[PDB]
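Presented below is the structure to which this report refers.
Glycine also receives a Cβ, built like all others from the backbone with ideal geometry; neighbour counts cover every protein chain displayed. All of the numbers you see were taken from the coordinates with simple rules; none came from a lab.
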Amino acid sequence: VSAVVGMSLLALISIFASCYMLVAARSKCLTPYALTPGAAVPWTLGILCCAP
Amino acid sequence: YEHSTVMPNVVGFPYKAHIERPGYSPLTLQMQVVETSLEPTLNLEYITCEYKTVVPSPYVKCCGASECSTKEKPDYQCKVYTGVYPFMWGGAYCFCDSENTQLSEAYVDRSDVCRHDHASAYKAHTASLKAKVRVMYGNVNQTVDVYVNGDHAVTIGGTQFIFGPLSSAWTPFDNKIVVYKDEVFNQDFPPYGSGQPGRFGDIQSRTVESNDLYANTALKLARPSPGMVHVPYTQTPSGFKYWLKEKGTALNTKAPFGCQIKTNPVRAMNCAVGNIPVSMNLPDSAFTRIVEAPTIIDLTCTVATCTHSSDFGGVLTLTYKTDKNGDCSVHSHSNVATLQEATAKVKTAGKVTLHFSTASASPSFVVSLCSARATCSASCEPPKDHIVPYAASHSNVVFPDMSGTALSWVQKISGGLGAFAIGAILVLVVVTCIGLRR
Ligand SMILES: *[C@@H]1O[C@H](CO)[C@@H](O[C@@H]2O[C@H](CO)[C@@H](O)[C@H](O)[C@H]2NC(C)=O)[C@H](O)[C@H]1NC(C)=O
Ligand SMILES: *[C@@H]1O[C@H](CO)[C@@H](O)[C@H](O)[C@H]1NC(C)=O
């Protein structure tokens, strides 16, 4: 039971960390276009990453 | 050749020893222990046995007075009483109505069966160990008695064996013990000369033949009843009988490790604990040269069936090719599984079968047939029987091999998670690099 719970927590923290880091990477990639007055994101980056 | 090995201290468990010298065929020694005796050094300090009270006939003096002097006897009690009128079957004993005196005295001395029935007390010390070991190899098969202390060297078949010292210094006997007939107890006892009435140690003696004795039993005298001749005395009963009534729980039914305790001399047997180092010096005549030994090439192993249990319920088959028939030495290089046979019968057919015992879900081990070496992996099924009367015949290991099913599942799950993490970190790195280039 200890081994099962330990493996489950390790897997959960791994997947959560990977997802959070991917989301942070997307945010850091798409931040500058939101700060530029006017203009717009290209549809390629808007399809690869969900752009509002 | 000087070689060293460690053997687990379990009675009845066979042990396989491998000897490899370059230029000669490997040799396997079958070693076993048949009985182990653990004896401590004892120094007697006293014994105890039931006592008796000696009281002589009272002295009656008519028309006079008496006065008794003290003597050197254990718990000697004497007293003089005035104003007595003794009576007998005929009539009065003296004319004097109220000028008679009676002297009474009593003491205590060890019983006449103290030599045959007694309980001794002992102080424990460091304990030495003696064992009996059966050794077989080749045409030699013999049992020898050894002192496991690192000193007693035994020569069997022109071969020198040295044993011990034991790796754990553990004894079941506490500092103070009490021995009675066939029973030993780890109960403390009062020191010499400080016994108390009604309990253990009321009567004390240095040895069975000692002439001195220490007694403390609260022997009290009383005044005789009028018109009678007798001596009234009150005394607490013997503490030895009370102790025999309520001695407690014996060590024979309480000792750990299943040690069998026996007396005369006080010792314990079959104490399964620790392990013994052994060192052997072998002659060259007992081995075989290579060019007389068959050469094995392209050795491949497989498993027929496996059911882990205390028995030998596992069989495997080995495939080979040689140049001449003969006898080879077979061994397993891991304690995960244990083989049964030490010598293998090699022939031109190229197929042999072996038995083994194991306790893991999926064992993997390296087998060696003469000079050739191969690997064996298997999957085993649990047994159905619950209770068996024979002891386990394998080392206790349960950790599965890295290639087992469960560990394989863990492995691909971990690999997938690691691949996902590597992809994520690579994506973050490239994003941050292209960001910083700006
Ligand atoms: C015979 O009996 C008389 C008493 O009837 C004893 O005399 C007593 O002796 C003691 C010893 O000194 C005296 O204290 C008493 O006063 C005596 N009694 C009388 C009545 O005189 C005498 O000793 C006895 N003799 C023998 C040989 O037993
Ligand atoms: C070794 O000798 C003992 C003594 O008779 C015997 O019981 C035992 O079976 C022998 N071992 C073998 C392998 O023959």
Calculate, axis by axis, the spread of Cα positions in the stretch B:27-117 along the three principal axes, and write the results as whole Å, longest axis first. 106, 29, 13
Of B:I261, B:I413, B:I276, which has the largest mean-square fluctuation in a 10 Å C-alpha GNM of chain B? B:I413
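With all pairs of different alpha carbon atoms counted, what Kirkwood hydrodynamic radius in Å does the stretch B:1-78 show?
Averaging 1/r across every pair of different Cα atoms and inverting gives 21.6 Å.
Assuming a ≥ b ≥ c are the square roots of the Cα gyration tensor eigenvalues, decide whether the protein assembly as shown counts as rounded (a/c under 1.5), prolate (otherwise, with a/b larger than b/c) or oblate.
Taking the square roots of the gyration eigenvalues as a ≥ b ≥ c, the protein assembly as shown is oblate.
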P(r) for the stretch B:123-216, please, calculated from all Cα pair distances in 5 Å bins and given in %. 2, 9, 14, 13, 12, 9, 8, 8, 8, 6, 4, 3, 1, 0
Decide, for the stretch B:298-438, between rounded, prolate and oblate: order the square roots of the alpha carbon gyration tensor eigenvalues as a ≥ b ≥ c, take rounded if a/c falls under 1.5, and otherwise choose prolate if a/b is larger than b/c, else oblate. oblate
Normalising by the residue count of chain B, find the relative contact order in percent from Cα pairs under 8 Å and 6+ residues apart. 16
Which whole-number percent is the relative contact order of the stretch B:165-274 (Cα, under 8 Å, 6+ apart)? 24
If every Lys and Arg gets +1 and every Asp and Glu gets -1 at its Cβ, then about the Cα centre the stretch B:189-247 yields a dipole, in debye to the nearest 20, of 220
To the nearest 500 deg cm²/dmol, what mean residue ellipticity at 222 nm is calculated for chain B from DSSP H runs of n ≥ 4 alone, each contributing -39,500 (n - 2.57), summed and divided by the residues? -3000 deg cm²/dmol
At q = 0.21, 0.22, 0.24 Å⁻¹, what log₁₀ I(q)/I(0) does a Debye calculation on the Cα points of the stretch B:75-170 give, no solvent, two decimals? -1.10, -1.14, -1.22
Neighbourhood charge, 11 Å Cβ-Cβ cut-off, centred on B:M31 and excluding it, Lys, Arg +1 and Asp, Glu -1: +2
Mind pulling the angle between the C-alpha long axis of helix B:405-437 and the longest principal axis of chain B? Nearest 10 degrees, somewhere in 0 to 90. 60
If you stretched the chain out fully between B:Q340 and B:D97, how much longer would it get, using 0.36 nm times the residue separation minus the C-alpha to C-alpha distance? 77.5 nm
How big is the Rg/Rh ratio for chain B, C-alpha atoms only, Rh by Kirkwood, two decimals? 1.31
Could you give the distance between the Cα centres of the stretch B:84-116 and the stretch B:1-39, to the whole Å? 77
Can you tell which of B:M31, B:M402, B:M88 shows the greatest fluctuation in a Gaussian network model of chain B with Cα springs below 10 Å? B:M88
Would you calculate the separation in nanometres between label points at A:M21 and A:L35, each defined as 7 Å from the Cα along the Cα-to-beta-carbon direction? 2.4
Rounding to the nearest 20 debye, state how big the charge dipole of the stretch B:209-341 is about its Cα centre with +1 on each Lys and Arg Cβ and -1 on each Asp and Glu Cβ. 1220
GNM flexibility winner over chain B from B:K220, B:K412, B:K262 (Cα, springs under 10 Å): B:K412
Taking a ≥ b ≥ c as the square roots of the eigenvalues of the Cα gyration tensor of the stretch B:364-420, is the shape rounded (a/c under 1.5), prolate (a/b larger than b/c) or oblate? oblate
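Using only alpha carbon positions, build the gyration tensor of chain A, then give the equivalent ellipsoid semi-axes as the square roots of 5 times its eigenvalues, largest first, whole angstrom.
Listed largest to smallest, the semi-axes of chain A are 37, 10, 5 Å.
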